[PDB]
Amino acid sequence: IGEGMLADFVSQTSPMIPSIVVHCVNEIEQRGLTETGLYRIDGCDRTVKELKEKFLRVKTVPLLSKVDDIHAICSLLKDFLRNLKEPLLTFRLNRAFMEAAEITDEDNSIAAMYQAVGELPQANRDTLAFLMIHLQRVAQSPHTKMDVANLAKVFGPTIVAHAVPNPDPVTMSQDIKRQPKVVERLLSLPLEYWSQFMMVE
């Protein structure tokens, strides 16, 4: 929507994850996940707008370590993912994910999710794995006060989005009701699985 494709922010060295994603997540986790409502609470609009700016200027690590409002870092990550010219799960798989997540039989649904994920382009799959492992630690932090369902409600519009750049009002709405379930199944896929995308050799 705003700047560019996910593939444009990753190197070529697996795991292919944008460094903006890596630095944001690391920062958040390095602080212990002690804050309440991570990813739910918005960060000061002015704090978040600067970062987006003085980001291309000075290096990342020094940046984020200085941010007082952690939530501003959460909005930074979320905005970045939301502004990819195409959703993290890609336009061309957007329907496969919703449909797979809609299967009522859990075991059968999980199976269809593994298939949809197997179809993700590598960079998207690595970035997804990394992001998911993170959100599982968040939902398991007794402090954050955010569970899988809450987080799925938030990242629904973020990584799932729609199948086209600009949906009609009716499709947009029906879509938004089906996105949270997609993120829930993904977060239900084991940490033992997602971790495998962090392999290096």
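So that there is no doubt, residue numbering starts at 1 and follows the sequence shown.
Per-stretch averaging of Cα B factors for 69-77 and 92-100 places 69-77 on top.
Relative to one another, 126-134 and 105-113 have unequal mean CA B-factors, and 105-113 is the one with the higher figure. Taking the deposited Cα B-factors for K153, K59, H162, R31, the highest one is held by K59. Highest C-alpha temperature factor among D175, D168, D147, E53, as the PDB entry reports it: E53. In the PDB entry, a CA B factor belonging to the middle third of its chain's modelled residues is recorded for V22.
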